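J.: The sequence isn't on hand, but the structure is:
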């Protein structure tokens, strides 16, 4: 009989759901890694500019 | 990242200045020595026009 088994047909639909949201808990983290990363690509280029600029000034001064 | 970029430029922008200082006084020296051996010539040239 299905009684205890009756409950495993739900626990399988409500396991489908919980995996679909651990396929969103991965997507969210992808976007957030690609965000955190890009905030440091902007950090890299802007500093590089300010170091190109600081030595160029100090040459014209010299 | 800021911290080691600011410390990157500083440790070059003292060295560069220090070295430019060595060159400034040698390039001052490089025009003086030419001049004092082309000296009797300026003095002569000036003089011939201050006595009319």
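T.: Looks like it came in fine. Numbers count the residues shown, from 1 in each chain, chains lettered A, B, ... in the order given.
J.: all helices for chain A, in order.
T.: Using DSSP state H, the helices of chain A run over A:13-20, A:27-38, A:41-61.
J.: Quick one: distance of stretch A:7-15 to the chain centre.
T.: A distance of 31 Å separates the centroid of the chain from that of stretch A:7-15, by C-alpha atoms, centre = their mean, to the nearest Å.
J.: Please apply the same query to stretch B:19-36.
T.: Per C-alpha atoms, centre = their mean, the displacement of stretch B:19-36 from the mean C-alpha position of its chain is 4 Å.
J.: List of residues touching it?
T.: Here stretch B:19-36 makes contact (C-beta atoms under 8 Å, 6 or more residues apart in numbering or on different chains) with residue A:62. All C-beta atoms are positioned from the backbone trio N, CA, C, and that covers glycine.
J.: Quick one: residues contacting the closest residue to residue B:12 other than its chain neighbours.
T.: Spatial nearest neighbour of residue B:12, excluding adjacent residues (C-beta to C-beta, 6 or more residues apart in numbering or on different chains): residue A:55 at 6.0 Å. Residue A:55 is in contact with B:9, B:12, B:13, B:16, counting by C-beta under 8 Å, 6+ apart.
J.: Give me the buried subset of these.
T.: Neighbour counting over the contacts of residue A:55 (16 or more other C-beta atoms under 10 Å in any protein chain shown) leaves B:9, B:13 as the buried ones.
J.: Mind putting the contacts of residue A:55 into CSV with secondary structure?
T.: Converted to CSV, these look like this (DSSP: H, G, I helix; E, B strand; the rest coil):
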residue, secondary structure
B:9, helix
B:12, coil
B:13, coil
B:16, helix
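J.: Including distance to residue A:12, could the contacts of residue A:55 go into TSV?
T.: TSV is the format used below for those (distance: C-beta to C-beta, whole Å):
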residue	distance to residue A:12
B:9	62
B:12	65
B:13	67
B:16	71
